[PDB]
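Listed next as structure tokens is one chain, alone, in the form deposited in one PDB entry.
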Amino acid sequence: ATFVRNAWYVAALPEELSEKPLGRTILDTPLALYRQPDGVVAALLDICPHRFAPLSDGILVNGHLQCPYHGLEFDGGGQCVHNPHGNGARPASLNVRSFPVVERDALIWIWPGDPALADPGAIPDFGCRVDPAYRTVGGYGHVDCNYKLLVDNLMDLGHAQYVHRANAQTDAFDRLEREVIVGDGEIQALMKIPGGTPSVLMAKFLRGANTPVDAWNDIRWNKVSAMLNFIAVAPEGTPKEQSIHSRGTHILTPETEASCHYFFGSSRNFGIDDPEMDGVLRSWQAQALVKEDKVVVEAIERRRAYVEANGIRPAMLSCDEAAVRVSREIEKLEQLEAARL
């Protein structure tokens, strides 16, 4: 019920779309997502103007989505291009809502609010995902929790030390150094674990290479819920700019008030042509983000009723600065909109 509608959200990964429509709900709005014959992606309200049937269950005819119930056909703009009934007239009332959609950086961005306020120049920058110098692998995940819980999770990558201990635990955690940068529509949480033994996973990034290492876990947040992290590890004490790293795509899109879509990926500049390294990253993604994080956040969502019924508020720790700031920016965006209508 409480969403920030005026903003770009990822609705799907390119590989998920085709001429066969995908039905997906974004911010409590059912959408029919498909790629037209010319390759351009279209996003229509998944509700036929005639009798509300799911257009996503239909097929393309002459490149146009055909409602499976009574045959009305629509173009990517939501305009009804064919009515096989009676005089076959096509009054404006037969047009269906179409959403602004942009395919960029191997992501399908959608604007669920006022289409007049849709500005592609405001789409977060995830260029590394299509940078030939980087190798990108990732996937999709559905989680039964409010998207904000996952934003919190990610804005404190420090949870890895426990929730993903088997892979990310470090014996230098106590020596953690952290800063928070607030910018124009952007917040960054910087983390540096100095001179520690590489973690199981960082050891894999360096290929079983132990030796005293330096690690960085930064994360950038952009308006609403799009984040890109910086996971780097380098021996002794080398520069952070000359180190091996992975820029992780971590984007959340609310489905319902208590559920969300999770788009994740890894864009690395090492072992670029190595199927095994691809396996490590995918294995990590499947185990950490899709299961371990899922377990915790889904359990937290189940306890929301109790915390709200009672007057329980969270007790912040020294690692929550970035998360609280992001959280407050989102709350402000919610309030602005609530004040628009």
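Heads up: residue numbers just count along the shown sequence, starting at 1. In this text, rigid core is short for the largest set of C-alphas that superpose within 1.5 Å between two forms.
If you look for the form deposited in another entry, you will not find it shown, but the lines that follow are about it.
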Exercise for review: Go through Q79, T197, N269, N83 and flag the only one whose CA is off by 2 Å or more between this form and the one not shown, rigid core held fixed.
Suggested key: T197
Point to revise | Did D214 shift 2 Å or more between this form and the one not shown, C-alpha, core superposed | key: yes
Practice item. Tell me, please, whether between this form and the one not shown the C-alpha of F173 is shifted by 2 Å or more, with the rigid core used for superposition. Key: yes
Review point. Under a superposition restricted to the rigid core, does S259 display a Cα displacement of 2 angstroms or more between this form and the one not shown?
Key: no
Check your understanding: With a C-alpha distance change of 3 Å or more, do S199 and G127 lie closer or farther in the other entry?
Key -> closer
**Study point:** Direction of Cα pair change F270-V200 in the other entry, magnitude 3 angstroms or more
**Key:** closer
